[PDB]
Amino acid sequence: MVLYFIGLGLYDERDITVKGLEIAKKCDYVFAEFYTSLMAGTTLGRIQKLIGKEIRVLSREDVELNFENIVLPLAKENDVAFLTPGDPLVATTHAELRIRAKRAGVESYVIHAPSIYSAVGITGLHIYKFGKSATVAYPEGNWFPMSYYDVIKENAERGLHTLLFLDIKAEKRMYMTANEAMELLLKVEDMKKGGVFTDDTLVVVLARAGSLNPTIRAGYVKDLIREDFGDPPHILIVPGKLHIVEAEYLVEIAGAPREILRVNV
């Protein structure tokens, strides 16, 4: 008679917590969505095998418009789980789903999992130094979203790092690369001309966090703009003022130009 929101983690089926696995294994019905993010190292089958249950995948429409019609009814007489990539409530609108559950008289519980939001720690950038985050969305027709540019500007002025979630169109199997994000930012810079994002801007790229061998690279846009960072998902980070040790890690671990070791205090 309950609903469990269970995160599956960053890259493969083993990124689920032990708590999440043991609970999922005992649920009567298991649903999931794979449109909010991409788990590049697993398949629905591998997940089903690990959990030992048939998994009904839902689309954004199924969830956003029919969650209370598809999932909640069953949670009133059974133990139901709703699986999602990463952490269920991070950079998704799934939190609001708990409100729907309450209104339907269904109790819900949240089982966390590793999230890209905290995985940024592997870049060596102090996580407390990150400021407001933003999403780089694909332009549509004549609509060209640019608010993420102002977020970088606001953070940079305060010496804070900017995390940039990248766009995803699961149904079209489109996953925005860090390269595409950099190209869009240069276009916005050309329009706004604020000196926020240029060829000399230092950026950090993290691809496939969660895998044992993620791609972690740091450098100037002019040099990374066309570099191959591997398969998606990717996130782009625009660091603010660096601490000496952040710079050292980027150089030693992310192959950044030794030049950044020298910081302008």
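The first residue of the sequence shown is number 1, and the count goes up from there.
As the entry records it, the average C-alpha temperature factor is higher for 140 to 148, out of 140 to 148 and 115 to 123. With 167 to 175 and 91 to 99 compared on mean CA B-factor from the PDB entry, the stretch scoring higher is 167 to 175. When the C-alpha B-factors of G45, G240, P233, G219 are read from the PDB record, the largest value belongs to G45. Sorting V63, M39, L50, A209 by the CA temperature factor given in the entry leaves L50 at the top. Annotation for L184: CA B-factor lies in the middle third of the chain's modelled residues. Sort the chain's modelled residues by C-alpha temperature factor and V245 lands in the lowest third, per the entry. Among all modelled residues in its chain, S108 ranks in the middle third by Cα B-factor. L160 sits in the lowest third of its chain by CA B factor, as recorded in the PDB entry. Annotation for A24: CA B-factor lies in the highest third of the chain's modelled residues.
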